[PDB]
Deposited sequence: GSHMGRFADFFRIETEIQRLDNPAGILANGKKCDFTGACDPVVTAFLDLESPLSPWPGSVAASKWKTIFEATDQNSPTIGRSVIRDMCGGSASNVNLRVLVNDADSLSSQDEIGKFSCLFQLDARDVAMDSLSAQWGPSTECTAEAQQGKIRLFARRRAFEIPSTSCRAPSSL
């Protein structure tokens, strides 16, 4: 499988205390205003956060006002073209619209994981991402799928 697509879904953020990574409240009369930026790290997945590419260069995928624990439902897509990758890491930053949490959902990419095609690429299990701070207090969940694509479709 020398040409394949990785899609990772940031499923949901849970912040019952409505706090920041520094542990104070996002909003003292309201809830967090979470802004989600993310990036699927193929080149330095086993390195410390942020990995290969700096957070400030990531695309904004989800936004919300006064929802500590929003459902997200949004994908980050990456393609491995012309060779093999053994894992990938969905690096996520969450800010209060100010750091809520830096997360890392590392994902194996063994042969098991990359389906022969898109229709046969079932989502894998929901996985909790690793946070820099507030482990278990501010949680982020995400799942992966991967499937072979034709080379002319690989970005």
Sequence ranges without modelled C-alpha atoms (deposited numbering): 1-7, 105-110, 169-173
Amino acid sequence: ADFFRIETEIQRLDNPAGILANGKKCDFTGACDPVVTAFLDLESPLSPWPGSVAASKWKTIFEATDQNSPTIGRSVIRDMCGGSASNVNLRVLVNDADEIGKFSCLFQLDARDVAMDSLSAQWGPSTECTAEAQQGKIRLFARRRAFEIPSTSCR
From here on, numbers count along this sequence of modelled residues.
Selected stretch [higher average CA B-factor]: 24-32 or 65-73: 24-32
Highest-ranked of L46, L93, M116, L40 once sorted by CA temperature factor in the record: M116
CA B-factor ranking of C154, expressed as a third of its chain: middle
Chain-relative CA temperature factor third for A111: highest
Among modelled residues of the same chain, the CA temperature factor third for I19: highest
Where the record places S126 (Cα B-factor, split into thirds across the chain): lowest
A97, C-alpha B-factor rank within chain (lowest, middle or highest third): highest
